[PDB]
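Protein chains in written order, with the authors' numbering: chain C, 59 to 108; chain A, 67 to 109; chain B, 91 to 440.
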């Protein structure tokens with residue numbers, strides 16, 4: 059019950075559809091209401107997500 | 067790989083140490099609009 | 091451990107980089123850009139950004155604090171000038187078509203003669219024509235004739251469908267016209283072939299809304315760069331639509347296009363080749379009689395002939411055979427060709 063309550067007290071997330079992106083730990087994410095964004099990868103996942 | 071506007075350091079190497087810091091906090095950001103009309107003796 | 095100054099600038103900028111739009115460039119280390127929502131900002135530009143490829147119409151990288159130009163971005167895989175170039179060869183050269191030899195010397199003197207033998211023009215000081223219009227009934231020989239002439243050439247060739255020039259980013263339309271004509275100028279004197287130009291040019295209407303002006307400016311800039319009159323280098327342009335009366339008149343008037351080739355009707359002469367051409371790449375059995383199919387039906391095109399041969403191939407595969415008998419052709423002649431037979435004054439005119 060405390061585990062679900064701490065994660066509840068948290069600002070949420072977004073979603074971006076990526077078909078392809080560049081290397082060097084930076085990807086091209088485009089959100090729905092706005093345009094494209096060159097953002098950073100996270101270290102808990104792989105770079106190879108194209 | 068990518069480019070992201072790079073160059074070999076011989077022309078921007080001296081530019082990239084303290085001139086970037088003076089173009090952030092002193093240098094502001096403005097926007098463009100259009101002007102519909104005006105008034106007399108007062109803006 | 092040696093690469094340090096590049097690593098710092100990889101770390102100097104902000105991490106959530108957004109993607110911007112170049113609008114105008116002032117050479118005082120600041121300019122005006124555009125965000126994705128059409129919001130525009132009086133921001134600045136850095137020094138490492140390699141100011142050589144900054145063109146109004148290019149994409150850049152912006153920040154969230156001051157939104158200055160972080161670095162120039164490439165075209166991001168936008169192959170809108172390289173795909174339309176025909177690399178390989180088209181279809182058969184001149185023996186594919188039949189019964190259009192009235193119209194062959196027109197295009198041969200207009201395209202091949204200015205390139206292969208540019209001496210007839212210099213014996214009398216007469217300029218070659220620039221544009222050629224190919225109109226007529228729809229699907230007559232227009233696409234088949236353009237591939238016939240483009241096969242017999244000794245220069246590069248362009249294939250433009252016309253719908254791959256129209257986008258909605260308010261600059262992409264007339265830019266790709268300049269980007270193509272720069273490619274055609276810098277490279278060999280290619281053959282511009284923009285098919286279906288009636289979608290972009292007709293009757294020149296100007297509205298107040300922002301759905302139509304993106305066509306008219308792209309059309310107007312096309313007529314500007316066609317008649318730029320600076321250095322064109324003998325670029326031959328072939329334009330073709332079906333109808334001609336609902337088109338742009340100032341493209342018709344001389345100084346622009348002086349060749350208006352019409353592609354009239356048929357006959358029972360040109361058909362028999364197209365029957366043989368379409369019945370060549372199949373398991374044509376030795377029990378089929380195409381001459382009865384030719385004489386009987388008296389109004390059909392090659393697209394009708396193609397629809398016969400495909401339905402003949404389908405009927406042979408429904409009865410689980412390899413070869414095709416004459417009966418599959420007979421039924422295909424009676425099935426497919428009954429979709430348009432309407433309207434004739436028979437027995438009235440001898």
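Where is the CB? At the ideal position from N, CA and C, for every residue including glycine.
- Only those residues of the region 102 to 122 of chain B whose C-beta falls short of 7 angstroms from the nearest C-beta of chain C are listed: 105, 106, 107, 108, 109.
- Taking a contact to require three or more Cβ pairs closer than 8 angstroms, the region 251 to 264 of chain B and the region 304 to 324 of chain B qualify as touching.
- What residue 255/B touches in chain C, judged by beta-carbon distance under 7 angstroms, is nothing: the nearest beta carbon there is about 23 angstroms away.
- Using a Cβ-Cβ distance cut-off of 8 angstroms, the region 418 to 430 of chain B and the region 392 to 404 of chain B are in contact, since at least three pairs of beta carbons, one from each stretch, lie closer than that value.
- The three-state secondary structure of residue 311/B, taken from DSSP, is helix.
- For the set 375/B, 411/B, 419/B, the Cα lying nearest the Cα of residue 394/B is the one of 419/B.
- Runs of the beta strand (DSSP E) spanning 3 or more residues and lying entirely within the region 264 to 329 of chain B occur at 281 to 285, in chain order.
- By the Cβ neighbour-count rule, residue 153/B is buried, with 16 or more other Cβ atoms within 10 Å of its own.
- Burial check for residue 163/B: the Cβ neighbour count within 10 Å reaches 16 or more, so the residue is buried.
- Linking residue 351/B to residue 380/B through their CA atoms gives a straight-line distance of about 33 angstroms.
- 239/B is the residue among 239/B, 422/B, 187/B, 108/B whose C-alpha sits nearest the C-alpha of residue 199/B.
- The shortest CA-to-CA distance from residue 284/B to any of 255/B, 303/B, 208/B is the one to 255/B.
- Using a Cβ-Cβ cut-off of 9 angstroms, residue 96/A is close to 131, 132, 133 of chain B, given in chain order.
- At a cut-off of 8 angstroms between beta carbons, residue 151/B contacts chain C.
- Among the bridge pairs identified by DSSP, residue 112/B is matched with 123/B.
- For residue 134/B, the enclosing beta strand (DSSP E) stretches over residues 130 to 134.
- Among the residues facing chain B, residue 62/C is not included, as its CB has no counterpart in that chain under 8 angstroms away.
- Straight through space, the alpha carbons of residue 390/B and residue 377/B are spaced by roughly 24 angstroms.
- At a cut-off of 8 angstroms between C-beta atoms, residue 104/C does not count as an interface residue with respect to chain A.
- Residue 237/B is a Cβ neighbour of residue 180/B, given a cutoff of 8 angstroms.
- For the 8 angstroms CB-CB criterion, residue 248/B and residue 178/B do not form a contact.
- In the structure shown, the three-state DSSP call for residue 107/B is strand.
- In this structure the region 92 to 102 of chain B does not touch the region 90 to 103 of chain A; the number of beta carbon pairs closer than 8 angstroms is below three.
- Interface annotation, residue 89/A: in contact with chain B, CB-CB separation under 8 angstroms.
- Under DSSP, no beta-bridge partner is assigned to residue 217/B.
- Ranked by Cα distance from residue 356/B, the first of 173/B, 416/B, 188/B is 188/B.
- If you ignore the 5 residues before and after residue 327/B, its C-beta comes within less than 6 angstroms of the C-beta of 221, 282, all in its own chain and listed in chain order.
- CA-to-CA, the gap between residue 229/B and residue 373/B works out to about 28 angstroms.
- Looking from the CA of residue 129/B, the closest CA among 142/B, 143/B, 109/B, 141/B belongs to 109/B.
- Against residue 108/A, chain B offers no close residue; the least beta-carbon distance is about 25 angstroms (beta-carbon pairs closer than 7 angstroms).
- In the structure shown, the three-state DSSP call for residue 391/B is coil.
- The beta carbon of residue 108/C sits closer than 6 angstroms to the beta carbons of 78, 79 from its chain, once the five residues preceding and following it are set aside; these are given in chain order.
- C-alpha of residue 341/B to C-alpha of residue 218/B: approximately 17 angstroms in a straight line.
- Spanning the alpha carbons of residue 142/B and residue 253/B requires a straight line of approximately 32 angstroms.
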